[PDB]
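J.: This is the structure I have questions about; it appears just below.
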Amino acid sequence: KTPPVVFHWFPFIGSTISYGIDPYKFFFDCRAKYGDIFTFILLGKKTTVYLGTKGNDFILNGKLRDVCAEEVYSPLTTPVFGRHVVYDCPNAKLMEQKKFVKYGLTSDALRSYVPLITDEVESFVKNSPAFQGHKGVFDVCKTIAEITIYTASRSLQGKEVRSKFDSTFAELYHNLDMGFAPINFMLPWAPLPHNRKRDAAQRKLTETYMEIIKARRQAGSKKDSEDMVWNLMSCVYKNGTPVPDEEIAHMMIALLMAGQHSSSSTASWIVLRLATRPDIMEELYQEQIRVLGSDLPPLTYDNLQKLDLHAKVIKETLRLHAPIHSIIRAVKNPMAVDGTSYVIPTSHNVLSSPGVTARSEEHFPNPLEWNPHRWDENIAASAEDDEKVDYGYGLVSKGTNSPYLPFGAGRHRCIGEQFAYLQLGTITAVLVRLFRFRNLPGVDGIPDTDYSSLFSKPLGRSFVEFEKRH
Ligand code: HEM
Ligand SMILES: C[C@@H](c1ncncc1F)[C@](O)(Cn1cncn1)c1ccc(F)cc1F
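Taking the entry's author numbering, the leading residue of the sequence shown gets 50, the next gets one more, and so forth.
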């Protein structure tokens with residue numbers, strides 16, 4: 050049987066439609082019939098799925114030779130981010146690029162970001178049409194996407210980029226973002242207009258970033274703390290070569306896209322969940338009074354860390370809504386399941402879904418319930434029991450006895466996690482100070498999840514009520 054093949058009704062299209070609408074149900078159904086191993090092919094390819102912590106570990110801590118990350122994602126991502134970065138290079142190069150970024154994301158940089166982020170959010174609320182007036186409704190995703198783009202560009206991308214978003218960067222991003230179109234799952238190369246727009250934006254962004262850098266050199270200065278003034282200096286690879294401006298530009302673009310899509314989606318889910326749960330939001334608010342005090346002094350890198358429930362709300366949301374549902378590798382050499390008869394072959398993709406474990410009864414009783422309090426068992430912005438293996442950058446716990454891996458594990462694990470927590474936690478705390486949220490009358494629960502795009506996000510246009518506090 051090799052790995053059980055998934056009984057479907059058509060060639061090529063296979064089960065993909067089933068996948069596309071909802072993978073998790075799809076995976077679960079598959080699980081029920083076939084257990085922890087499946088095979089369905091989506092589009093062209095045979096994607097082999099290993100569920101379970103072991104399923105997770107196998108693929109995520111899979112051997113460098115045996116599974117390849119870039120061959121799967123490079124075409125799609127590479128046109129977008131640019132050449133030579135992320136997946137446009139051998140793994141070793143990737144590891145050094147992660148190193149530079151993680152280098153640029155130390156606590157003292159993180160500290161520097163918090164005031165900037167609180168400033169952008171507070172400025173947005175004051176100056177934006179979104180929250181004008183005491184009581185109102187607003188478009189969550191649109192509103193939240195703007196906030197995350199402002200907060201990340203000010204802190205991480207820096208002043209010039211932030212300034213640009215006022216002019217010309219908004220459209221560029223939107224155009225570039227078309228590179229993540231579902232047809233681009235198959236046809237990234239083809240010169241459809243949207244692809245031609247994508248290529249046009251990518252070039253233009255690169256020219257801009259490069260001019261920003263060159264201008265900095267021209268004055269040969271520094272001032273705080275963006276990954277930019279950081280990649281200028283964290284120039285050098287082991288070979289002794291400093292990172293070229295173009296690479297810096299393409300790295301920034303990658304970080305921009307990555308952070309924005311992940312942040313905006315997650316942040317959206319947080320606002321949506323909170324709207325459903327006025328009790329939690331008040332508790333969050335009550336936490337700030339209790340822990341920071343009645344005065345509600347300004348949020349800092351230090352005092353944020355006390356927001357245990359805020360931390361929990363993010364964790365709980367990540368558990369159910371994290372935008373990445375499927376992690377995929379290209380099988381380079383046939384691989385032996387430690388357990389079983391099945392052998393996984395080269396014509397195959399391997400797909401792991403930590404979200405599944407994430408929403409399993411064994412691992413999480415009543416998993417589908419969005420309850421932050423379930424975490425009263427533990428909290429880690431940084432986690433847990435397993436071994437730490439250093440690949441390049443730092444010392445990453447590939448640890449995989451954890452059912453909960455929103456940020457992945459092994460050599461491909463997120464280096465943006467701390468930043469993401471900082472950003473989300475900060476945005477959440479501010480909003481909680483400023484607002485109450487309710488559902489529109491007669492509206493219960495939350496919209497559905499749209500898995501059609503590479504990242505997943507709330508489906509429709511969802512409005513929710515906002516009430517201000519003073
Ligand atoms: C909630 C937000 C985020 C989530 C859920 C998230 C999730 C993940 C996941 C699951 C992976 C591993 C995927 C794989 O092995 O292919 C990953 C890797 C990564 N993430 Fe994130 N991420 C988030 C935010 C960010 C941010 C803000 C950045 C940049 C600032 C970032 C940059 C990266 C990078 C560079 C990798 C490396 C992937 C690789 O080496 O192949 N992420 N992220
Ligand atoms: C490849 C992509 C992905 N992988 C698997 N399933 C869905 C997906 F969107 C992703 O892992 C998403 N991601 C990672 N951190 C934030 N977002 C990724 C990683 C690094 C990056 F530089 C850009 C980027 F999109």
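Backbone N, C-alpha and C define an ideal beta-carbon position, used for all residues, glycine too.
For the structure I just gave you, are there three or more beta carbon pairs, one from the region 330 to 348 and one from the region 401 to 416, closer than 8 Å?
T.: No, because fewer than three Cβ pairs between the region 330 to 348 and the region 401 to 416 fall closer than 8 Å, the two stretches do not touch.
J.: Measuring straight from C-alpha to C-alpha, what distance separates residue 224 and residue 306?
T.: Going by the C-alpha atoms only, they are around 12 Å apart.
J.: Given a threshold of 16 other Cβ atoms within 10 Å of its Cβ, counted over all protein chains shown, does residue 282 qualify as buried or as exposed?
T.: Its Cβ having fewer than 16 others within 10 Å, residue 282 is exposed.
J.: Can you give the beta carbon distance from residue 243 to residue 130, rounded, assuming they're within the 8 Å contact cut?
T.: With 8 Å as the limit, residue 243 and residue 130 do not qualify as a contact, their Cβ atoms being about 17 Å apart.
J.: From the DSSP secondary-structure annotation, give me the bridge partner or partners of residue 517.
T.: According to DSSP, which records beta bridges pairwise, residue 517 is partnered with 484.
J.: Just checking residue 117 against ligand 1 - is the residue's beta carbon closer than 7 Å to any of the ligand's heavy atoms?
T.: No, ligand 1 has no heavy atom inside 7 Å of this Cβ.
J.: Let me check understanding here. Comparing Cα to Cα, which of 367, 357, 311, 156 lies closest to residue 274?
T.: Per the Cα distances, 156.
J.: Provide the residue span of the beta strand (DSSP E) that contains residue 90, from first to last.
T.: Its beta strand (DSSP E) spans residues 86 to 91.
J.: Just to confirm my understanding: we take residue 134, look at its own chain, exclude 5 residues before and 5 after, and list those with CB closer than 7 Å. What are they?
T.: For residue 134, where only same-chain residues beyond five positions count, the Cβ hits under 7 Å are 146, 296, 299, 300, 303.
J.: Under the DSSP definition of a beta bridge, which residues are partnered with residue 379?
T.: Paired residue(s): 117, 398.
J.: For my contact list, residue 185 and residue 468 are in at a C-beta cut-off of 8 Å; report their separation, rounded to the angstrom.
T.: Contact doesn't hold; Cβ gap of about 30 Å is too wide.
J.: Over the uninterrupted beta strand (DSSP E) stretch that includes residue 208, give me the two end residues.
T.: No beta strand (DSSP E) contains residue 208, which is instead part of the alpha helix (DSSP H) from 208 to 215.
J.: Assess, as a yes-or-no matter, whether the region 373 to 392 is touched by the region 116 to 126 under the definition of 3 or more beta carbon pairs within less than 8 Å.
T.: Judged by Cβ distances under 8 Å, the region 116 to 126 makes contact with the region 373 to 392, as three or more pairs qualify.
J.: Check whether the region 483 to 491 and the region 382 to 393 touch, using three or more Cβ-Cβ pairs below 8 Å as the test.
T.: The region 483 to 491, when compared against the region 382 to 393, does not touch it at the 8 Å Cβ threshold.
J.: Report yes if the C-beta of residue 135 is less than 7 Å from at least one heavy atom of ligand 2; otherwise report no.
T.: Flag set: Cβ of residue 135 near ligand 2.
J.: Quick check on DSSP: helix, strand or coil for residue 99?
T.: Correct three-state label for residue 99: strand.
J.: By the DSSP assignment, the alpha helix (DSSP H) with residue 168 in it spans what residues?
T.: It spans 156 to 176 - the alpha helix (DSSP H) in which residue 168 sits, taken as one unbroken run.
J.: What's the gap between the Cα of residue 220 and the Cα of residue 456?
T.: Their Cα atoms are separated by approximately 29 Å.
J.: Between residue 270 and ligand 2, is there a pair consisting of the residue's CB and a ligand heavy atom that are separated by less than 7 Å?
T.: No, since every heavy atom of ligand 2 falls outside the 7 Å radius drawn around the Cβ of residue 270.
J.: Any contact of the region 159 to 166 with the region 199 to 206, i.e. 3+ C-beta pairs under 8 Å?
T.: Touching, per the Cβ criterion.
J.: Which class does residue 385 belong to by DSSP, given the choice of helix, strand or coil?
T.: It is a strand residue.
J.: Relative to the C-alpha of residue 322, which residue among 123, 462, 498, 92 is closest?
T.: Nearest option by C-alpha distance: 498.
J.: Helix or strand or just coil, what does DSSP make of residue 106?
T.: If DSSP states are grouped into helix, strand and coil, residue 106 belongs with the helices.
J.: Compare the beta carbon distance of residue 97 and residue 393 with 8 Å and say whether it is the shorter of the two.
T.: Yes. Within cutoff.
J.: In three-state terms, what does DSSP make of residue 373?
T.: Three-state DSSP puts residue 373 in coil, outside helix and strand.
J.: Counting only the same chain and skipping the five closest in sequence on each side, list residues whose C-beta sits under 6 Å from that of residue 122.
T.: Excluding residues within five positions, the ones whose Cβ falls inside 6 Å are 136.
J.: Evaluate residue 235 with the Cβ neighbour count: other Cβ atoms within 10 Å of its Cβ, from every protein chain shown; 16 or more gives buried, anything less gives exposed.
T.: Exposed.
J.: Can you give the beta carbon distance from residue 311 to residue 193, rounded, assuming they're within the 8 Å contact cut?
T.: Not quite, the Cβ-Cβ distance comes to about 12 Å (not below 8 Å), so this is no contact.
J.: Name the two residues that bound the continuous alpha helix (DSSP H) containing residue 328.
T.: Where residue 328 is concerned, the enclosing alpha helix (DSSP H) stretches over 327 to 341.
J.: With DSSP as the reference, label residue 393 as helix, strand or coil.
T.: Here residue 393 sits in strand by DSSP.
J.: Any heavy atom of ligand 1 closer than 7 Å to the Cβ of residue 465?
T.: Because some heavy atom of ligand 1 lies under 7 Å away, the Cβ of residue 465 counts as near it: yes.
J.: At what residues does the beta strand (DSSP E) containing residue 74 begin and finish?
T.: Per DSSP, residue 74 belongs to no beta strand (DSSP E); it is in the alpha helix (DSSP H), 72 to 83.
J.: Touch check for the region 473 to 480 and the region 359 to 366: three-plus C-beta pairs under 8 Å?
T.: With a cut-off of 8 Å, the region 359 to 366 and the region 473 to 480 count as touching, because enough Cβ pairs lie within range.
J.: Using a Cβ-based criterion (distance less than 7 Å to any ligand heavy atom), does residue 452 qualify as near ligand 1?
T.: Incorrect: residue 452 has no Cβ contact closer than 7 Å to ligand 1.
J.: Could you name the residues that DSSP lists as bridge partners for residue 94?
T.: Partner(s): 91.
J.: How is the beta strand (DSSP E) around residue 185 delimited, first residue to last?
T.: 184 to 188 is the extent of the beta strand (DSSP E) around residue 185.
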